[PDB]
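One letter stands for each residue in the lines below.
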Amino acid sequence: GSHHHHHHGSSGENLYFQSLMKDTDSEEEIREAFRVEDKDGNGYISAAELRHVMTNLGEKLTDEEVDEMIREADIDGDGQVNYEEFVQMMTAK
Ligand SMILES: [Ca+2]
Ligand SMILES: [Ca+2]
C-alpha cells in the first residue's frame with residue numbers, strides 16, 4: 001500500500017544509493033553509533049557491524065549483497081570503512 005513497487009523497472013534508481021548516505025538524526029547520534037558499532041573498539045566498522053545498522057533499520061541483505069554493497073560503498077575500496085570515511089559516508093552531500 002504505502003510502500004510497494006518492488007519491481008526492478010528500467011529506471012536507474014541510482015539516486016536510491018544516495019538516500020542511504022542521507023537521512024540522519026543528529027551528528028551526535030552518528031558519533032555515538034560509531035562507538036556502539038565498534039564493540040571491539042577496533043575503531044573500524046566491519047560487515048558484521050555494518051549489518052547491525054541495516055538490521056536495526058529492518059533492512060535485510062544477503063551475504064553477497066553485503067560484500068558488493070560494501071565494495072561499492074567503500075570509496076577507498078579498502079574493503080573496510082574508516083572513521084574519517086564513515087563520517088563522510090553519512091555526511092556525504
Ligand atoms: Ca568495530
Ligand atoms: Ca574505506
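The present account deals with the structure reproduced in this document.

Brief notes about a nonpolar patch on the surface
Consideration 1: Taken together, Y16, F17 and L20 make up a surface patch of nonpolar side chains, about 330 Å² in accessible area.
Consideration 2: Judged by relative accessible area, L20 falls into the partly exposed class, the value being 42%.

What to know about the coordination of the calcium ion (ligand 1)
Geometry sets the ideal angles at a metal, namely 109.5 degrees for four tetrahedral donors and 90 or 180 degrees for six octahedral donors.
Consideration 1: At the metal site, the calcium ion (ligand 1) is ligated by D38 (OD), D40 (OD), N42 (OD1), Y44 (O), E49 (OE) and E49 (OE), and these contacts range over 2.3 to 2.6 Å.
Consideration 2: Around the calcium ion (ligand 1), the 6 donor atoms sit at angles spanning 52 to 152°, and that spread fits a shape best called irregular.
Consideration 3: Written as a sequence motif, the donor residues of the calcium ion (ligand 1) are D-x1-D-x1-N-x1-Y-x4-E.
Consideration 4: Owing to a relative accessible area of 46%, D40 belongs among the partly exposed residues under this scheme.
Consideration 5: Looking at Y44, the relative accessible area reads 40%, which means it is partly exposed.

Describing the nonpolar core
Consideration 1: Grouped together as the largest cluster of nonpolar side chains are 5 residues: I30, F34, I45, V81 and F86.
Consideration 2: In contact with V81, not counting residues within four places along its chain, are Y44, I45, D74 and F86.

What to know about the packing of helix α3 (residues 47–57) against helix α4 (residues 63–73)
Consideration 1: Remark: α3 packs on α4, axes separated minimally by 11 Å, with the N-to-C direction vectors making an angle of 100°. If you check the angle between α3 and α4, you find them roughly perpendicular. Between α3, through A47, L50, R51 and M54, and α4, the contact on the second element is made entirely by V66, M69 and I70.
Consideration 2: Taken together, the residues that form the contact of α3 with α4 break down as 6 nonpolar, no polar and 1 charged.

Observations regarding helix α5 (residues 83–91)
Consideration 1: Buried within α5 we find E85, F86 and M89. One side of α5 holds all its buried residues, which, seen down the axis, span an arc of 105°.
Consideration 2: Note on α5: the residue one or two positions beyond its end, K93, has a positive phi of about 45°.

About the thresholds
Residues numbered from 1 in each chain as written, not as in the entry; some residues may be left out. Chains lettered and ligands numbered in written order. Heavy atoms only, no water. Patch = residues over 30% accessible without salt bridge, like charges linked within 9 Å, V, L, I, M, F, W, Y side chains within 5 Å. Areas by Shrake-Rupley, 256 points an atom, 1.4 Å probe, with all protein chains shown as cover. Salt bridge = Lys/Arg side-chain N within 4 Å of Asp/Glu carboxyl O. Buried < 20%, exposed > 50% of the residue type's maximum accessible area, 1.4 Å probe, protein only. Donors = N, O, S within 2.8 Å, 3.2 Å for Na, K, Ca; no water. Tetrahedral: all angles 85-135°; square planar, octahedral: opposite > 155°, others 65-115°. Core = buried A, V, L, I, M, F, W, Y, C linked by side-chain atoms within 4.5 Å. Contact = heavy atoms within 4.5 Å. Axes fitted to C-alpha atoms, helices over the stretch in contact; angles between N-to-C directions. Helix = DSSP H or I, 4+ residues; strand = E, 2+ residues; numbered from the N terminus. Parallel < 35°, antiparallel > 145°, perpendicular 65-115°, else oblique. Nonpolar A, V, L, I, M, F, W, Y, C, P; charged D, E, K, R; others polar. Arc of directions from axis to C-beta.

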